Every structure is written in structure tokens, then in C-alpha cells.
Amino acid sequence: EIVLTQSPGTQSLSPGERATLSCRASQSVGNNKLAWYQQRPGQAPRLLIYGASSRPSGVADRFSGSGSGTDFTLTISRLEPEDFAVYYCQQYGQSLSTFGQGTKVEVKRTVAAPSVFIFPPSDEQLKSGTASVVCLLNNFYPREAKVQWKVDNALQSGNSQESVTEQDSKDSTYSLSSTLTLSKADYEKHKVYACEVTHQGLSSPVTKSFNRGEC
Amino acid sequence: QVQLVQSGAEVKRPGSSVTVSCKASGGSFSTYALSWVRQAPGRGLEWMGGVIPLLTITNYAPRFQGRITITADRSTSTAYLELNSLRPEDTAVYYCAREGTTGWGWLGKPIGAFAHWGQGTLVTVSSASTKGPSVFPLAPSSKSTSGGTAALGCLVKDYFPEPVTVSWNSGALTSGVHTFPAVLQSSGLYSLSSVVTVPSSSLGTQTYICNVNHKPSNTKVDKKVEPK
Amino acid sequence: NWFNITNXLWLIXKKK
């Protein structure tokens with residue numbers, strides 16, 4: 001079986017710049033049977049290049065492929081806003097076709113620290129017998145951010161989940177939610193809830209907290 | 001043309017079988033190769049197998065052999081993927097893909113690579129029960145307000161299967177909205193949040209309402225979010 | 001290579 005390895009995992013560039021994506025194969029790809037696909041957020045993938053260097057009609061002239069044997073490259077000569085998406089390679093030079101794990105091409109912008117908001121559980125939810133505390137990290141860049149929950153200064157572990165948006169089309173930032181879930185009590189066995197946030201855009205951790213009451 | 005149209009979403013239990021269909025319309029069907037590709041949530045593309053309809057010459061990826069069957073009906077130009085012994089890891093969007101030709105199509109020389117794709121078919125495999133979400137407000141407080149800005153939202157919790165869509169004030173509020181991808185909780189139910197940022201001066205002169213639509217359960221709910 | 005089969009088929013259907 002041929003393993004295709006795409007590098008790097010994500011590549012950060014500004015519009016109008018040149019993108020070059022790499023694919024390397026564990027074995028030689030027979031007859032250069034290598035293709036590249038593009039996948040926008042909610043869409044099916046779209047063929048861009050086949051047989052290593054052949055472009056279908058309709059595919060823009062920005063896209064080009066090169067390489068042979070074991071080492072392949074996709075080039076986008078002038079990045080249009082439509083181009084910031086995920087790119088996949090595929091070899092079909094033997095019956096067992098395989099795909100690379102993909103490469104994300106994100107828009108490079110200036111660093112932006114998260115704006116942090118905290119939400120206590122609603123009275124409605126508490127009536128059900130569970131409590132969810134939500135931490136919002138709004139509009140930050142790059143995507144790497146660490147969120148830590150502390151309840152009465154005790155660090156939480158294994159009772160939280162995070163989710164991150166795709167890169168915003170207007171301002172090129174990301175947002176994150178971290179949700180801490182407890183039972184009604186022990187949510188009431190405790191007084192102060194905090195999320196603390198680490199991001200390259202900040203020298204100190206930002207901490208957002210509240211006490212049961214406010215409002 | 002050559003357009004591929006697949007069947008609708010499925011919800012299956014572990015151990016059962018699923019059959020997904022792909023209807024081709026526009027070119028030739030018999031002499032071009034049709035493949036099936038899936039993408040598991042938050043992951044890349046994976047090739048499962050294919051069929052050349054003309055003699056039903058199949059080709060299965062080794063890790064699926066024994067569980068997979070690919071067929072084609074030349075009299076309806078329809079291909080079928082059947083996967084049995086399903087497991088939660090088989091949760092994915094399944095695509096059918098037909099190879100391209102030199103044309104651009106224009107029924108000419110085949111090129112191996114997949115030029116044509118279906119819209120995708122969500123197959124969810126779980127022992128969870130279809131259930132609409134509870135929608136709780138993420139109320140704006142002093143702890144989610146700062147300067148001119150305030151954040152509010154709603155927590156769309158304990159639903160199955162995917163997907164849910166959210167909107168705000170019946171779509172009258174669009175900029176500032178972020179709706180997060182869903183996460184699978186330990187219970188096997190999904191959950192997500194939708195937030196928006198608004199001028200804090202407009203918290204007294206404006207009511208904010210999220211509209212949650214979860215077609216798989218026939219559920220439509222509207223939550224009024226109001227200050228703490 | 002399975003991916004080469006339809007080429008063989010297009011080359012025969014074009015010579016008839």
C-alpha cells in the first residue's frame with residue numbers, strides 16, 4: 001500500500017501570494033497517476049490536476065502540478081480568496097488508490113488576541129439537573145489557543161469540550177467555545193467559576209470569572 | 001453534463017447494513033469507472049472501492065473486503081454501495097465519484113481521476129435515538145459585556161443526529177454571528193452553541209431570538225435570550 | 001491496475 005504524505009499540515013499566506021503544496025509517496029507512483037483535489041468548507045471535493053501535471057478544462061490557470069516518482073507538487077500562482085481551502089492528493093497508479101491526509105491553506109493576518117466572554121448556566125437548564133458553563137473566545141488569530149477551567153481555584157479535567165469555527169470569510173479570525181458540564185449540584189456545591197485563556201497574542205493569561213448570583 | 005445525484009441521509013445502528021445509491025445522468029454509464037469515497041467527521045478523504053458497470057468489475061479496498069459490495073444497474077444508470085456490519089467509526093459523508101474524460105465531457109478518453117462528484121450522503125451509525133435539542137439561552141451579563149459590545153447566544157444541546165441550523169431574529173441579525181461545529185458528547189448526543197455580538201446599548205431596546213432547526217427530528221424552536 | 005481498464009475499453013469501442 002502506498003502512503004501519501006502531504007506537507008505542511010497547514011500553510012498561511014496572504015492573497016496574491018504563491019502557494020506550493022507537497023505530496024511525497026512511500027513508493028514510486030506508477031505512470032505519475034497522481035491527482036489533486038480542492039475542498040471548500042461544506043462542499044464535495046473538486047478535481048484540479050491529474051496525471052501529476054494535467055489540468056482539466058474549466059480549472060483556472062492559477063493551478064499547476066509537477067513532479068514524478070516519489071515527489072509531487074501543486075502550485076497556485078496568485079491566491080484568490082476562493083483558494084483558501086483544503087487540498088488533497090490521491091494516487092491511482094495501483095488498484096488500491098489512497099489519499100493524503102490533506103493540507104489546509106489559511107489566510108495569514110496579523111495576530112489577534114481572543115476577546116473572552118463567560119456564560120453561567122440558565123435557570124431553565126438547572127431545572128433539568130445539569131449545568132453547562134460556556135466560555136467564548138471571540139475573533140482571535142492564529143487558531144492555537146489553550147483554555148483551562150477552574151472551579152473554586154481547582155483545575156478541572158475531562159469535563160469540558162471545545163469547538164472552533166472555520167476561518168471567518170470577512171476578517172480572517174477564528175472563534176472558540178469551551179463548554180464545562182456539571183450536575184446541578186455539584187454546580188451548587190461551589191461558588192466561583194473561571195476560564196483562563198492562553199494565546200500567542202497575549203503575554204499574560206486572560207481569566208474570565210463569575211460568582212453564583214450575578215448578572 | 002454528467003451529474004451524480006445520491007440518496008438522502010441515513011441513521012443506522014451498529015451491526016446493520018446501509019445501501020446508498022448514486023444516479024448518473026448525462027454521459028455514458030457502462031464504460032466509465034465509478035468510485036465510492038467517504039469522509040469521517042473532521043477527517044480527510046478515504047477511497048473505499050469502485051465498479052466498472054460494463055462487466056461489474058469491482059475493486060475493493062482491502063480493509064473493507066467482506067463488508068462491502070458495489071453494484072451498478074445499467075438499465076437505470078445507478079450505482080449502489082452496500083456496507084454491512086456497520087460500526088460508529090463508519091459515521092461519515094459517503095461520496096460517489098465518476099472518473100473524468102478528455103473532453104471535458106464530451107464522452108471521450110477516461111482519465112482515472114475523479115472529475116464528477118455526488119452531493120454526498122450523511123450516514124450516521126449510533127445506538128442513540130433521534131431526538132430534538134433543548135435550547136437554553138446564553139444570557140448577556142456584566143461578564144459577557146465590555147465597552148460598546150455584548151455577547152449573547154444559545155446552547156443547542158442533546159440532539160441526534162446531525163445536523164442543526166441556527167439563525168438569529170429570523171435572519172435579521174447576520175453579522176457577528178458564529179455558530180460552532182457540533183461536538184459529540186459522552187452520551188452519544190450532539191451539542192453546539194451559537195453566539196453573536198451586539199451593541200450593549202441595544203439590550204433594552206431590542207429582543208434577541210435564536211431560531212433552531214433540526215430537520216431529522218422535525219423540530220423547530222425559538223428561544224428569547226434576555227439579560228441576566 | 002484497475003484504473004486502467006476503461007482505457008482498454010475506450011480504445012476497443014473506438015476501433016469498434
# chains A, B, ... in the order shown; residues from 1 in each chain; ligands from 1

call {"tool": "residues_around", "arguments": {"residues": "region 205-207 of chain A", "least_positions_apart": "6", "cutoff": "6 Å", "atoms": "only C-alpha atoms", "output": "PyMOL selection string"}}
result
chain A and resi 195-198

call {"tool": "write_last_selection", "arguments": {"atoms": "N, CA, C and O atoms", "output": "PDB file, in the first residue's frame"}}
result
ATOM      1  N   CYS A 195     -12.758  30.599  33.499  1.00  0.00           N
ATOM      2  CA  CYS A 195     -11.944  30.043  32.430  1.00  0.00           C
ATOM      3  C   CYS A 195     -10.746  30.951  32.203  1.00  0.00           C
ATOM      4  O   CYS A 195     -10.885  32.177  32.134  1.00  0.00           O
ATOM      5  N   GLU A 196      -9.566  30.344  32.131  1.00  0.00           N
ATOM      6  CA  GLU A 196      -8.372  31.095  31.824  1.00  0.00           C
ATOM      7  C   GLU A 196      -7.812  30.720  30.462  1.00  0.00           C
ATOM      8  O   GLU A 196      -7.820  29.572  30.063  1.00  0.00           O
ATOM      9  N   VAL A 197      -7.333  31.721  29.745  1.00  0.00           N
ATOM     10  CA  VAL A 197      -7.043  31.593  28.329  1.00  0.00           C
ATOM     11  C   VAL A 197      -5.610  31.982  27.993  1.00  0.00           C
ATOM     12  O   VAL A 197      -5.116  33.031  28.421  1.00  0.00           O
ATOM     13  N   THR A 198      -4.950  31.138  27.209  1.00  0.00           N
ATOM     14  CA  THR A 198      -3.606  31.408  26.712  1.00  0.00           C
ATOM     15  C   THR A 198      -3.601  31.479  25.186  1.00  0.00           C
ATOM     16  O   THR A 198      -4.198  30.647  24.517  1.00  0.00           O
TER      17      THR A 198
END

call {"tool": "closest_atom_pairs", "arguments": {"of": "chain C", "to": "chain A", "cutoff": "7 Å", "atoms": "only C-alpha atoms", "output": "Markdown table"}}
result
| residue | atom | partner | partner_atom | distance |
| --- | --- | --- | --- | --- |
| C:1 | CA | A:94 | CA | 4.9 |
| C:2 | CA | A:95 | CA | 5.0 |
| C:3 | CA | A:95 | CA | 6.3 |

call {"tool": "atom_distance", "arguments": {"atom1": "CA of residue 214 (chain A)", "atom2": "CA of residue 184 (chain A)"}}
result
17.2 Å

call {"tool": "select_by_dssp", "arguments": {"residues": "region 54-204 of chain B", "states": "helix (DSSP H, G or I)", "output": "list in words"}}
result
residues 62, 63, 64, 88, 89, 90, 169, 170, 171, 200, 201, 202 and 203 of chain B

call {"tool": "residues_around", "arguments": {"residues": "region 164-179 of chain B", "least_positions_apart": "4", "cutoff": "6 Å", "atoms": "only C-alpha atoms", "output": "number ranges by chain"}}
result
B: 194-197, 209-214

call {"tool": "select_by_dssp", "arguments": {"residues": "region 87-150 of chain B", "states": "strand (DSSP E)", "output": "PyMOL selection string"}}
result
chain B and resi 92-101+110-117+121-125+134-138+145-146+149-150

call {"tool": "residues_around", "arguments": {"residues": "residue 12 (chain C)", "least_positions_apart": "5", "cutoff": "12 Å", "atoms": "only C-alpha atoms", "output": "VMD selection string"}}
result
(chain B and resid 31 109) or (chain C and resid 5 to 7)

call {"tool": "closest_atom_pairs", "arguments": {"of": "chain B", "to": "chain C", "cutoff": "10 Å", "atoms": "only C-alpha atoms", "output": "CSV"}}
result
residue,atom,partner,partner_atom,distance
B:30,CA,C:6,CA,9.7
B:31,CA,C:6,CA,6.1
B:32,CA,C:6,CA,6.1
B:33,CA,C:6,CA,6.9
B:50,CA,C:2,CA,9.2
B:51,CA,C:2,CA,9.4
B:52,CA,C:6,CA,7.7
B:54,CA,C:9,CA,9.3
B:57,CA,C:2,CA,8.7
B:58,CA,C:2,CA,8.7
B:59,CA,C:2,CA,7.2
B:99,CA,C:3,CA,9.3
B:107,CA,C:10,CA,9.9
B:108,CA,C:10,CA,7.8
B:109,CA,C:10,CA,6.5
B:110,CA,C:7,CA,5.9
B:111,CA,C:7,CA,8.0
B:112,CA,C:3,CA,5.7
B:113,CA,C:3,CA,8.7

call {"tool": "residues_around", "arguments": {"residues": "residue 207 (chain B)", "least_positions_apart": "5", "cutoff": "8 Å", "atoms": "only C-alpha atoms", "output": "list in words"}}
result
residues 224, 225 and 226 of chain B

call {"tool": "interface_residues", "arguments": {"of": "chain B", "to": "chain A", "cutoff": "7 Å", "atoms": "only C-alpha atoms", "output": "PDB file with N, CA, C and O atoms, in the first residue's frame"}}
result
ATOM      1  N   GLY B  44      -9.948  13.510   6.630  1.00  0.00           N
ATOM      2  CA  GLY B  44      -9.780  13.597   5.186  1.00  0.00           C
ATOM      3  C   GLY B  44     -10.521  12.572   4.326  1.00  0.00           C
ATOM      4  O   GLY B  44     -11.342  11.798   4.813  1.00  0.00           O
ATOM      5  N   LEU B  45     -10.220  12.572   3.030  1.00  0.00           N
ATOM      6  CA  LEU B  45     -10.846  11.670   2.070  1.00  0.00           C
ATOM      7  C   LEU B  45     -10.244  10.279   2.165  1.00  0.00           C
ATOM      8  O   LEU B  45      -9.056  10.120   2.388  1.00  0.00           O
ATOM      9  N   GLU B  46     -11.077   9.266   1.990  1.00  0.00           N
ATOM     10  CA  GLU B  46     -10.659   7.869   2.031  1.00  0.00           C
ATOM     11  C   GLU B  46     -11.370   7.108   0.909  1.00  0.00           C
ATOM     12  O   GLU B  46     -12.572   7.248   0.734  1.00  0.00           O
ATOM     13  N   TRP B  47     -10.628   6.322   0.142  1.00  0.00           N
ATOM     14  CA  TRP B  47     -11.168   5.624  -1.026  1.00  0.00           C
ATOM     15  C   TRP B  47     -11.653   4.250  -0.594  1.00  0.00           C
ATOM     16  O   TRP B  47     -10.938   3.530   0.093  1.00  0.00           O
ATOM     17  N   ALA B  61     -11.145  -1.814  -1.516  1.00  0.00           N
ATOM     18  CA  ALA B  61     -10.031  -1.597  -0.598  1.00  0.00           C
ATOM     19  C   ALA B  61      -9.978  -2.726   0.432  1.00  0.00           C
ATOM     20  O   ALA B  61     -10.987  -3.091   1.009  1.00  0.00           O
ATOM     21  N   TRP B 104     -14.111  18.557 -22.192  1.00  0.00           N
ATOM     22  CA  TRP B 104     -14.065  17.966 -20.850  1.00  0.00           C
ATOM     23  C   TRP B 104     -15.211  17.015 -20.497  1.00  0.00           C
ATOM     24  O   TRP B 104     -15.320  16.571 -19.355  1.00  0.00           O
ATOM     25  N   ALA B 113      -8.738   9.835 -12.672  1.00  0.00           N
ATOM     26  CA  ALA B 113      -9.031  10.705 -11.540  1.00  0.00           C
ATOM     27  C   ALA B 113     -10.510  11.068 -11.524  1.00  0.00           C
ATOM     28  O   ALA B 113     -11.181  10.950 -12.537  1.00  0.00           O
ATOM     29  N   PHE B 114     -11.016  11.515 -10.375  1.00  0.00           N
ATOM     30  CA  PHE B 114     -12.450  11.701 -10.199  1.00  0.00           C
ATOM     31  C   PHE B 114     -12.900  13.117 -10.530  1.00  0.00           C
ATOM     32  O   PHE B 114     -12.767  14.024  -9.714  1.00  0.00           O
ATOM     33  N   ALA B 115     -13.449  13.300 -11.730  1.00  0.00           N
ATOM     34  CA  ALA B 115     -13.888  14.632 -12.147  1.00  0.00           C
ATOM     35  C   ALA B 115     -15.279  14.989 -11.662  1.00  0.00           C
ATOM     36  O   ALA B 115     -15.595  16.174 -11.561  1.00  0.00           O
ATOM     37  N   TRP B 117     -18.571  14.448  -8.929  1.00  0.00           N
ATOM     38  CA  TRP B 117     -18.892  14.017  -7.570  1.00  0.00           C
ATOM     39  C   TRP B 117     -20.384  14.117  -7.245  1.00  0.00           C
ATOM     40  O   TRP B 117     -21.071  15.015  -7.707  1.00  0.00           O
ATOM     41  N   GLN B 119     -23.441  14.791  -4.301  1.00  0.00           N
ATOM     42  CA  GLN B 119     -23.546  15.859  -3.322  1.00  0.00           C
ATOM     43  C   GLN B 119     -23.118  15.369  -1.945  1.00  0.00           C
ATOM     44  O   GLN B 119     -22.869  16.170  -1.051  1.00  0.00           O
ATOM     45  N   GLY B 120     -22.996  14.058  -1.793  1.00  0.00           N
ATOM     46  CA  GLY B 120     -22.670  13.479  -0.500  1.00  0.00           C
ATOM     47  C   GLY B 120     -23.881  12.920   0.239  1.00  0.00           C
ATOM     48  O   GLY B 120     -24.995  13.378   0.106  1.00  0.00           O
ATOM     49  N   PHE B 136     -31.142  26.302  25.385  1.00  0.00           N
ATOM     50  CA  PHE B 136     -31.000  27.190  26.542  1.00  0.00           C
ATOM     51  C   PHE B 136     -30.292  28.476  26.139  1.00  0.00           C
ATOM     52  O   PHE B 136     -29.396  28.436  25.313  1.00  0.00           O
ATOM     53  N   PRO B 137     -30.675  29.614  26.746  1.00  0.00           N
ATOM     54  CA  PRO B 137     -30.075  30.920  26.449  1.00  0.00           C
ATOM     55  C   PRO B 137     -28.734  31.109  27.131  1.00  0.00           C
ATOM     56  O   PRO B 137     -28.513  30.645  28.250  1.00  0.00           O
ATOM     57  N   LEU B 138     -27.836  31.782  26.425  1.00  0.00           N
ATOM     58  CA  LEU B 138     -26.563  32.213  26.975  1.00  0.00           C
ATOM     59  C   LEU B 138     -26.760  33.690  27.197  1.00  0.00           C
ATOM     60  O   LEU B 138     -26.496  34.509  26.321  1.00  0.00           O
ATOM     61  N   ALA B 139     -27.276  34.025  28.365  1.00  0.00           N
ATOM     62  CA  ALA B 139     -27.688  35.396  28.628  1.00  0.00           C
ATOM     63  C   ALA B 139     -26.514  36.373  28.784  1.00  0.00           C
ATOM     64  O   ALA B 139     -25.480  36.054  29.400  1.00  0.00           O
ATOM     65  N   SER B 141     -24.583  39.355  30.384  1.00  0.00           N
ATOM     66  CA  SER B 141     -24.451  39.824  31.743  1.00  0.00           C
ATOM     67  C   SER B 141     -23.274  40.801  31.760  1.00  0.00           C
ATOM     68  O   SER B 141     -22.737  41.136  30.713  1.00  0.00           O
ATOM     69  N   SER B 142     -22.863  41.254  32.942  1.00  0.00           N
ATOM     70  CA  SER B 142     -21.686  42.106  33.041  1.00  0.00           C
ATOM     71  C   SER B 142     -20.438  41.302  32.666  1.00  0.00           C
ATOM     72  O   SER B 142     -19.386  41.867  32.333  1.00  0.00           O
ATOM     73  N   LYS B 143     -20.573  39.980  32.705  1.00  0.00           N
ATOM     74  CA  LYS B 143     -19.446  39.091  32.481  1.00  0.00           C
ATOM     75  C   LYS B 143     -19.327  38.690  31.012  1.00  0.00           C
ATOM     76  O   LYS B 143     -18.418  37.954  30.633  1.00  0.00           O
ATOM     77  N   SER B 144     -20.252  39.179  30.190  1.00  0.00           N
ATOM     78  CA  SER B 144     -20.165  38.985  28.742  1.00  0.00           C
ATOM     79  C   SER B 144     -20.385  40.297  28.001  1.00  0.00           C
ATOM     80  O   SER B 144     -20.674  40.317  26.817  1.00  0.00           O
ATOM     81  N   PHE B 180     -20.976  27.270  16.113  1.00  0.00           N
ATOM     82  CA  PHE B 180     -19.832  26.391  16.223  1.00  0.00           C
ATOM     83  C   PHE B 180     -20.155  25.021  15.672  1.00  0.00           C
ATOM     84  O   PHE B 180     -21.299  24.613  15.662  1.00  0.00           O
ATOM     85  N   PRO B 181     -19.145  24.334  15.144  1.00  0.00           N
ATOM     86  CA  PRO B 181     -19.354  22.942  14.745  1.00  0.00           C
ATOM     87  C   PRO B 181     -19.777  22.144  15.962  1.00  0.00           C
ATOM     88  O   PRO B 181     -19.417  22.513  17.069  1.00  0.00           O
ATOM     89  N   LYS B 228     -29.176  38.898  32.032  1.00  0.00           N
ATOM     90  CA  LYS B 228     -29.194  38.230  33.335  1.00  0.00           C
ATOM     91  C   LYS B 228     -29.698  39.161  34.441  1.00  0.00           C
ATOM     92  O   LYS B 228     -29.310  40.331  34.503  1.00  0.00           O
TER      93      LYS B 228
END

call {"tool": "residues_around", "arguments": {"residues": "region 184-189 of chain B", "least_positions_apart": "3", "cutoff": "9 Å", "atoms": "only C-alpha atoms", "output": "list in words"}}
result
residues 161 of chain A; 126, 127, 128, 129, 131, 157, 158, 159, 160 and 161 of chain B
